[PDB]
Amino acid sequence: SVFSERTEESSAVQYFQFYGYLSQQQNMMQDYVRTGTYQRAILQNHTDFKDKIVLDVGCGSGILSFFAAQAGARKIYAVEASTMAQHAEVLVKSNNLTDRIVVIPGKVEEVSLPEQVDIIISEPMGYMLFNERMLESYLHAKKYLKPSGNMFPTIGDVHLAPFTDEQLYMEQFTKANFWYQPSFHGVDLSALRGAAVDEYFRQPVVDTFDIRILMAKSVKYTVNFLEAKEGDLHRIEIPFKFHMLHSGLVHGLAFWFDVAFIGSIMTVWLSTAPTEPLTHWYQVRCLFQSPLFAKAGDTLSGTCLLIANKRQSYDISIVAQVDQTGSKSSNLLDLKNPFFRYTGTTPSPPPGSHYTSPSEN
């Protein structure tokens, strides 16, 4: 049982309890970009599925298996570890696809499949692509994949870029300064101010933002799921060298990801970039403990190291330095506990992004 040795029990119980809820399945299914892009990818590459054997890793409601069924698959093994497996089976029954879709309750690391498959489908991406560590299960499932078999998605891209957001940065101190008062109902809280500040900065911020806060073209780190092994995802080192497009203070790094379905007919992309319509993954921003001043043309170099932990997530280590000035900043973050900041309000661009008089119009 590969899964249990690399996963804390406490985390796994709640993790699979979470996905046992129909409401969450609904939440994901109602993400039109995600579901529509998967459906487009599967059906537009029907020759990759027609009369093929398919494996759906973590079928959830079973939706992707149904998409696979629409594409003409001869047999679909749909594996699911949460109680949702029982609901998926109901849908298979009610859609008269019992002869084509077989639901297998359990973890893909632990269940037995009767035969090799021609293609594996799954939706294992979390925040920052890697969150939840389901990608390792996705890669693990290749033990059931035939040589020259395919993976849907086939590759995953994670993007990095430095950003400026004075309000976001300042917000942390505004919140933490609650503890900087000598008589909260007669109690001096100040001694805990440092600890509070520390706690807030270790939280990655989940939300969206205006693309004009980005201070350099993103750096890309690619995982090829056809080529990658599980161990590749235990330690992910993403070095970066940003060529600053704008001068200003760098408050941290922004994160998003893309995945590609590379079929025989066409390649289909699913993107969570801030330039694209919002998805349920939104974007993730990691603050530096101290902002870095960089001029346009300067280089911001460093490393983002993602270290997997047993809470089905990652410890994020970011170190960055301005090569021209030696200005250096670092932060360590706990991705398992992100701060959901999104409010629905349209993000504002950084001031002043006006290069022409706003009053002439």
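Each form is matched to the other, and the largest set of C-alpha atoms that superpose within 1.5 Å is called the rigid core. So that there is no doubt, residue numbering starts at 1 and follows the sequence shown.
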Problem set entry | Between 131 to 139 and 177 to 185, the one whose CA atoms sit farther away in 9 other deposited structures of this protein (rigid core aligned) | 177 to 185
Seminar exercise, completed: Core-fitted, the stretch whose Cα atoms sit farther from this form in 9 other deposited structures of this protein, 186 to 194 versus 114 to 122, is 186 to 194
Problem set entry | Comparing 339 to 347 with 5 to 13, the one whose average Cα B-factor in the PDB entry is higher | 5 to 13
Seminar exercise, completed: Per the PDB entry, mean CA B-factor is higher for 140 to 148 or 78 to 86, namely for 140 to 148
For this session: Name the one of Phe293, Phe67, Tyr314, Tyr32 with the greatest CA B-factor according to the PDB entry.
Result: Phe293
Problem set entry | Identity of residue with top Cα B-factor, from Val223, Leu253, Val117, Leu192 | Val117
For this session: Just say lowest, middle or highest third for the CA B-factor of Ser112 relative to the other modelled residues in its chain.
Result: highest
Exercise. Comparing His185 with the other modelled residues of its chain, is its CA B-factor in the lowest, middle or highest third?
Worked result: lowest
Exercise. Would the CA B-factor of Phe178 place it in the lowest, middle or highest third of its chain?
Worked result: lowest
For this session: Divide the modelled residues of the chain into thirds by Cα B-factor and specify which third, lowest, middle or highest, holds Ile265.
Result: highest
Problem set entry | Cα B factor band for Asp210 (lowest, middle or highest third within the chain) | middle
